[PDB]
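# Observations on the model geometry
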6 protein chains.
Amino acid sequence: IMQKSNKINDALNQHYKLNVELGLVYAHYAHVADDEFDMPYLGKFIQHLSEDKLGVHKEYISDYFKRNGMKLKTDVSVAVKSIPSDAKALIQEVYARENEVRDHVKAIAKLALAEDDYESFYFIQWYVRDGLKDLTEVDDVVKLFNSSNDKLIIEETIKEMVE
Amino acid sequence: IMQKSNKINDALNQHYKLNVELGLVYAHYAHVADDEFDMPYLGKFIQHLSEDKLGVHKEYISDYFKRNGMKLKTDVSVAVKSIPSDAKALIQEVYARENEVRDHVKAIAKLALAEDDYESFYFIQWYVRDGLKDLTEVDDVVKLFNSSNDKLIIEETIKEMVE
Amino acid sequence: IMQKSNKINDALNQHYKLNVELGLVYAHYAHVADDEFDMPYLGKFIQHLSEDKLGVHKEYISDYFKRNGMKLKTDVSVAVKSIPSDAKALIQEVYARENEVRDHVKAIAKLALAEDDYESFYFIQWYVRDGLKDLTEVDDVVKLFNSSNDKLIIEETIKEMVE
Amino acid sequence: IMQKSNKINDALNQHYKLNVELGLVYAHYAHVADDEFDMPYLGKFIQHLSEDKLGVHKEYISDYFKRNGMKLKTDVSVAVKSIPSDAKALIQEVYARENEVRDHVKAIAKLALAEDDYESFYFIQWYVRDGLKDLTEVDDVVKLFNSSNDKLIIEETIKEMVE
Amino acid sequence: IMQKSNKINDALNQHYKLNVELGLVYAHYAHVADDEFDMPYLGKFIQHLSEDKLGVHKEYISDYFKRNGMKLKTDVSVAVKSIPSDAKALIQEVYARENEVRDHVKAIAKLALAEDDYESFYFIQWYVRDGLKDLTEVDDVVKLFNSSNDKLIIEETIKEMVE
Amino acid sequence: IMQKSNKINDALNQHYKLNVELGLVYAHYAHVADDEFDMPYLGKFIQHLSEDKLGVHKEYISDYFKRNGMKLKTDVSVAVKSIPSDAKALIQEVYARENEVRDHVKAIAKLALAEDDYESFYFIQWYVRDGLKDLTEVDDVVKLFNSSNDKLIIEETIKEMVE
Ligand SMILES: [Cl-]
Ligand SMILES: [Cl-]
Ligand SMILES: [Cl-]
Ligand SMILES: [Cl-]
Ligand SMILES: [Cl-]
Ligand SMILES: [Cl-]
Ligand SMILES: [Cl-]
Ligand SMILES: [Cl-]
Ligand SMILES: [Cl-]
Ligand SMILES: [Cl-]
Ligand SMILES: [Cl-]
Ligand SMILES: [Cl-]
Ligand SMILES: [Cl-]
Ligand SMILES: [Cl-]
Ligand SMILES: [Cl-]
Ligand SMILES: [Cl-]
Ligand SMILES: [Cl-]
Ligand SMILES: [Cl-]
Ligand SMILES: [Fe+3]
Ligand SMILES: [Fe+3]
Ligand SMILES: [Fe+3]
Ligand SMILES: [Fe+3]
Ligand SMILES: [Fe+3]
Ligand SMILES: [Fe+3]
Ligand SMILES: [Fe+3]
Ligand SMILES: [Fe+3]
Ligand SMILES: [Fe+3]
Ligand SMILES: [Fe+3]
Ligand SMILES: [Fe+3]
Ligand SMILES: [Fe+3]
Ligand SMILES: [Fe+3]
Ligand SMILES: [Fe+3]
Ligand SMILES: [Fe+3]
Ligand SMILES: [Fe+3]
Ligand SMILES: [Fe+3]
Ligand SMILES: [Fe+3]
Ligand SMILES: [Fe+3]
Ligand SMILES: [Fe+3]
Ligand SMILES: [Fe+3]
Ligand SMILES: [Fe+3]
Ligand SMILES: [Fe+3]
Ligand SMILES: [Fe+3]
Ligand SMILES: [Fe+3]
Ligand SMILES: [Fe+3]
Ligand SMILES: [Fe+3]
Ligand SMILES: [Fe+3]
Ligand SMILES: [Fe+3]
Ligand SMILES: [Fe+3]
Ligand SMILES: [Fe+3]
Ligand SMILES: [Fe+3]
Ligand SMILES: [Fe+3]
Ligand SMILES: [Fe+3]
Ligand SMILES: [Fe+3]
Ligand SMILES: [Fe+3]
Ligand SMILES: [Mg+2]
Ligand SMILES: [Mg+2]
Ligand SMILES: [Mg+2]
Ligand SMILES: [Mg+2]
Ligand SMILES: [Mg+2]
Ligand SMILES: [Mg+2]
């Protein structure tokens, strides 16, 4: 009784992998935003997202598995082989990835209900809302680039968001 | 003038890769120590080392590169395909890896002097001592396992080290 | 991907409309409770519900739409053409309306699951419980009128609820 | 003796209606300013005006009527069927409406004197000055749009006004 | 409209009964752990679980029923006719019972969705997570017995959990 | 020497049973007082008595047995199959039960002296006085119902007793 769902186990290991590799790409993007595009505050915004993906986003799954018998799998593979050409494109790529995270999370909630796994429906509840919150935070930045053509104006505006 | 050394650049990208992948293995080892071997405090010790490897150990290189023109490379590949059979072997494997870190750091200091790159000799100075400090911290744990045959005694002793 | 559900959009615009118009009726009922029925504390209870319906009940939908791409619609039409004959009937009408709110909210949760829109299932989670809470608060008042035949006793009891 | 003026009663019910419907349009305009025009601070300025129109602007009339025997009428009808094409036009429309409020208030003061209703001349005294104050606050914003062509500069300036 | 589900009513009365009778068994187990097995801290851990089952676990259902019209039923029958032979078996029996609680709670969430009773799906949300939390707390104790063969070591470790 | 009296053991297990089952009936009565009879403060008075019967009233016996070698017996059987018709009758039934508690306690003191069990005469000393105190507290409530015919007056008076 209460035997863990292998489908849910797989999908949460997949999501664990996604957050690790995303966090590694964002750590690189954070470096580029500062060093190449001369936007250190944009860099700290993306670093904070990097530490988020590699922090609680992965630890919550780790900690959930210890409580329910699911097995953790560490299989990580990510290479940053090209970088967007400028800062706007850099944040827009981050947006496109965060929008995909929402879709992965939605598949997990759907599957949890399909598996009658209400503990896992509950756990994913945090990820459902962080999907929209993280995406909204990124969107608030993508936008600055369509409201000003001045890197330093945009930077001053980001400073009050990464406070 | 002051053109960055490509050899040093390569070796620090290699060390960046090492700290990322180590930190990912330790995050998995931390989970196993708690869930499988019933040692949550041993798990928090190894988690703290995981967050260390994936935190300042990699960020210092990232931040150094922004200051000197070296290029950051994100090429990460690590899979945890087997786990040591028990807690002692788990910490002993961590030890063997930390001992290899000391040797990688030593090659970098040697090369920095060979390149007349005293900024990089200086930067590695932090890593020279953290090599011995992290290894000594791990050693203090490996030992508990040869001083007591009681998991709970060992655990109570680790609690006062990960405070 | 992640395209907003038009059905959910419509139903939340409908619920937005419901909360605005309810809040306008309650503002009028609050005035009547004080001026005509000589019950100022009953009036402050109903005013607080009015400011609730016209405050967070509508703003949460507004703010949700900005985050997910749904479109806000402002189409408001309400006239208070008759008033209940006394204070008991006044609060009983408020009750009947709050009981209908629970049913509207329930249709939205049902539809969110039917649309596989777990972000919207989550958002409505707040409204599911406020449906019962607001209805329970109103019920605690409707009752005073069956426990005492003294307007001033009832009023003294409401004072400790709208504190 | 001291029988309430029906003309004043009608005109204050009309002004009550005006403030409700204005506040509903401004709540929608506040949403648009943030979501569509990417100006969240402009949105908070207009939200504050919305809560003003729907708050004390209407409650003062409600409370006045309880004291003098005038009858409250709730007859509300407003639909937002088109939106100004950009942020400047959005605030300019708000201005045009606030300028009309001054004229409605002026008719009420004129009528109060014509009715020898000095209690109502006094009550409207608050609205006479808030007509100019609210209009001046809106004007301070309309202007930013003629002093800078940078959305983010304008936004940073509004932030210090909606504090 | 909004008529309470009799199926949900029955299942929550059943769960009410389960928590009462569990709490009575645990109160007895707490006594035995201290008096017979000489483990007073193990006793305080099990007493805390007893007061939990007989406290909020039952009161939340009681309070929920007052709000939605469901009827409370008090039909209680439990006799402790044998006790596990030692402390390990005692906590393992507690574990087996807590694991069954998770399954009862899961049937209630399933039924709430099947009944389109989202207020009851929401209410059970608390029980879904306390099912795993209480079971995890008990598991943390069952384990001590496989990590040390010393009653007093185990006891010293429990003291820091029932703090 | 100092061998525990089996008669006293039996009578205190009987009293343990009485306090458990009373506390379960009072928990149900507390719910009814609030939900059906619209008297939430009367409900909190009876809940406090419920938590008393199920708290120290039973734990003192449990703790006494650990100290003297008497054996705890958990044999519980109570069903609430009918409820008094109104609030007065509800509190009067509670009174009749508390009056029986005094008589059970008196038999235990008598028996303790007859057994020359002065430790048990001493322990029951607490129950002798709580018999009169709890009964006096209940009596102070039964009375309100003969001094006012207004549910809300009675409720306001209970509020200052369950503080
Ligand atoms: Cl590659
Ligand atoms: Cl996208
Ligand atoms: Cl699915
Ligand atoms: Cl592989
Ligand atoms: Cl080694
Ligand atoms: Cl070298
Ligand atoms: Cl009409
Ligand atoms: Cl109804
Ligand atoms: Cl539906
Ligand atoms: Cl229209
Ligand atoms: Cl104008
Ligand atoms: Cl005039
Ligand atoms: Cl039996
Ligand atoms: Cl089990
Ligand atoms: Cl079902
Ligand atoms: Cl029966
Ligand atoms: Cl009696
Ligand atoms: Cl006797
Ligand atoms: Fe760079
Ligand atoms: Fe910098
Ligand atoms: Fe954040
Ligand atoms: Fe570009
Ligand atoms: Fe996040
Ligand atoms: Fe500033
Ligand atoms: Fe595991
Ligand atoms: Fe743990
Ligand atoms: Fe450290
Ligand atoms: Fe070994
Ligand atoms: Fe380190
Ligand atoms: Fe210590
Ligand atoms: Fe009136
Ligand atoms: Fe007043
Ligand atoms: Fe409230
Ligand atoms: Fe009537
Ligand atoms: Fe509400
Ligand atoms: Fe009072
Ligand atoms: Fe919009
Ligand atoms: Fe925003
Ligand atoms: Fe203002
Ligand atoms: Fe224009
Ligand atoms: Fe104003
Ligand atoms: Fe400033
Ligand atoms: Fe015993
Ligand atoms: Fe003791
Ligand atoms: Fe607890
Ligand atoms: Fe055994
Ligand atoms: Fe619990
Ligand atoms: Fe200690
Ligand atoms: Fe009831
Ligand atoms: Fe209540
Ligand atoms: Fe008391
Ligand atoms: Fe009667
Ligand atoms: Fe008592
Ligand atoms: Fe008082
Ligand atoms: Mg199904
Ligand atoms: Mg040389
Ligand atoms: Mg489906
Ligand atoms: Mg004249
Ligand atoms: Mg269905
Ligand atoms: Mg004698």
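The rules we used
Residues numbered from 1 in each chain as written, not as in the entry; some residues may be left out. Chains lettered and ligands numbered in written order. Part of a larger assembly, values for the part shown. Heavy atoms only, no water. Helix = DSSP H or I, 4+ residues; strand = E, 2+ residues; numbered from the N terminus. Buried < 20%, exposed > 50% of the residue type's maximum accessible area, 1.4 Å probe, protein only. Contact = heavy atoms within 4.5 Å. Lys, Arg positive; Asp, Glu negative; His and termini not counted. Charge placed at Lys NZ, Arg CZ, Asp CG, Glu CD. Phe/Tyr/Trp six-rings, centres within 6.5 Å; stacked < 30°, edge-to-face > 60°. Salt bridge = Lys/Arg side-chain N within 4 Å of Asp/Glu carboxyl O. Buried area = accessible area lost by both parts, 1.4 Å probe. Nonpolar A, V, L, I, M, F, W, Y, C, P; charged D, E, K, R; others polar. Least-squares fit on C-alpha atoms. Expected span 1.5 Å × (residues − 1). Bend = angle between axes of the 7 residues up to and from the residue. Pairing = 2+ DSSP bridges. Polar contact = N/O pair within 3.5 Å; in protein donor to acceptor, adjacent residues only side chain to side chain.

- In the PDB archive, X-ray crystallography is given as the structure determination method for this entry, at a resolution of 2.601 Å.

- The name recorded for chain A in the PDB entry is Ferritin, from Ureaplasma diversum.
- Its official PDB title, as written in the record, is "Fe-O nanocluster of form-I in the 4-fold channel of Ureaplasma diversum ferritin".

## So, the overall build of chain A
- Per the secondary structure count, chain A includes six helices and one strand.
- For chain A, the α and β elements follow one another from N to C terminus as α-α-α-β-α-α-α.
- Over its C-alpha atoms, taken along the principal directions, chain A stretches across nearly 60 × 25 × 25 Å.
- Taken over 163 residues, chain A has a buried fraction of 58%.
- A sequence separation of at least 24 residues applies to 82% of the contacts in chain A between residues at least 6 apart.
- Separation between the mean location of the 21 positive side-chain charges and that of the 30 negative ones in chain A comes to 6 Å.

## Describing the packing of aromatic side chains
- Using the criterion set out here, one finds 30 aromatic pairs over all chains in the structure.
- Note on B:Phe123 and B:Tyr127: the rings are 5.3 Å apart at their centroids and 50° apart in plane angle, and the pair reads as tilted. One end of the pair is B:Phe123 and the other is B:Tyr127, both in helix α5 (residues 118–147) and four residues apart, which spans about a single turn.
- For B:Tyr127, a relative accessible area of 2% corresponds to the buried category.
- Grouped by ring-pair contacts, the aromatic residues A:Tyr118, A:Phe121, C:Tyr118, C:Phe121, E:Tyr118 and E:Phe121 constitute a single cluster.

## Notes on the pattern of salt bridges
- Inspection of the entire model under this criterion finds 69 salt bridges over all chains.
- The salt bridge involving D:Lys71 is made with C:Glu36; its shortest N-O contact spans 3.1 Å. A residue pair is termed interchain when its members come from two chains, as with D:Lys71 in the loop between α3 (56–68) and β1 (75–79) and C:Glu36 in the loop between α1 (6–35) and α2 (40–54).
- Classification of D:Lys71 as partly exposed rests on a relative accessible area of 44%.
- A salt bridge links F:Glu98 to F:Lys53; the shortest N-O distance between them is 2.8 Å. Here F:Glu98 is found in helix α4 (residues 87–114), whereas its partner F:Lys53 is found in helix α2 (residues 40–54), with 45 residues between them in sequence. Each member of the pair, F:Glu98 as well as F:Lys53, is classed as buried.

## So, the interface of chain D and chain C
- With 26 residues of chain D in contact, the opposing surface of chain C contributes 26 residues.
- Between chain D and chain C, roughly 2200 Å² of surface is buried when both sides are summed, and carbon and sulfur atoms account for 52% of that area.
- Broken down residue by residue, the surface that chain D buries against chain C is led by D:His31, D:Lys66 and D:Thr74, which jointly contribute 28%.
- Applying the counting criterion to the chain D and chain C interface returns four salt bridges.

## Description of the environment of D:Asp150
- Within the secondary structure layout, D:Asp150 lies in the loop between α5 (118–147) and α6 (151–159).
- C-alpha separation for the pair D:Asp150 and D:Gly23, spaced 127 residues apart in sequence, amounts to 28 Å.
- In this view, D:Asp150 contacts A:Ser147, A:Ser148, A:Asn149 and A:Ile153; residues no more than four positions away in its chain are not counted.

## A few points about the interface of chain B and chain A
- On the chain A side, the residues contacting the 26 residues of chain B number 26 residues.
- With both chains or domains summed, chain B and chain A bury close to 2200 Å², and 52% of this area falls on carbon and sulfur atoms.
- Summed over the three residues of chain B that lose the most area to chain A, namely B:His31, B:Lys66 and B:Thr74, the buried surface amounts to 28% of that side.
- Between chain B and chain A we count four salt bridges in total.
- Secondary structure elements with two or more residues in the side of chain B that touches chain A: α1 (6–35), α3 (56–68) and β1 (75–79) of chain B.
- Broken down by class, the residue content of the side of chain B that touches chain A amounts to eleven nonpolar, six polar and nine charged.

## Things to note about the environment of C:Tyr60
All names here are of chain C.
- You can see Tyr60 is positioned in helix α3 (residues 56–68).
- For the pair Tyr60 and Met161, spaced 101 residues apart in sequence, the C-alpha separation works out to 25 Å.
- In this view, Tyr60 contacts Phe123, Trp126 and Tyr127; residues no more than four positions away in its chain are not counted.

## Side note on the relation of the copies chain D and chain C
- Rotating chain D by 180° and translating it 0.0 Å along the rotation axis places it on chain C, where the RMSD comes to 0.0 Å. Expressed as a symmetry operation, the mapping of one chain copy onto the other fits a two-fold axis. The rotation axis passes nearest to the C-alpha of D:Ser77 in chain D, at a distance of 2.3 Å.
- Both copies present the same face, since 100% of the interface residues in chain D are matched by interface residues at the equivalent positions in chain C.

## What to know about α5(B)
- If you check α5(B), its first and last C-alpha atoms are 44 Å apart, about what 30 residues at 1.5 Å a residue would give, namely 44 Å.
- Its maximal kink placed at B:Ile124, α5(B) deviates by approximately 30°.

## Quick notes on unusual backbone geometry
- In this structure, A:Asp116 takes a positive phi of about 50° despite not being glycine.
- Position of A:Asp116 among the secondary structure elements: in the loop between α4 (87–114) and α5 (118–147).

## Here we look at the pairing of β1(D)
- Where burial is concerned, the two faces of β1(D) differ: the one with D:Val76 and D:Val78 is buried and the one with D:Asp75, D:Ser77 and D:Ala79 is not.
- Pairing analysis gives five bridges linking strand β1 (residues 75–79) of chain C to β1(D), with the strands arranged antiparallel. The residue of β1(D) that forms the bridge with C:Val78 is D:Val76.

## Considerations on the side chain of D:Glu59
Residues and elements named next belong to chain D.
- Mapped onto the fold, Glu59 is located in helix α3.
- Judged by its relative accessible area of 14%, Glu59 falls in the buried class.
- There is a polar contact of 2.8 Å between the side chain of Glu59 and the side chain of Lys58.

## Focus: the relation of the copies chain B and chain A
- For the pair chain B and chain A, the superposition axis carries a translation of 0.0 Å, the fit reaches an RMSD of 0.0 Å, and the rotation angle comes to 180°.
- Comparing contact sets, 100% of the residues at the interface of chain B also lie at the interface in chain A, consistent with an isologous, same-surface contact.

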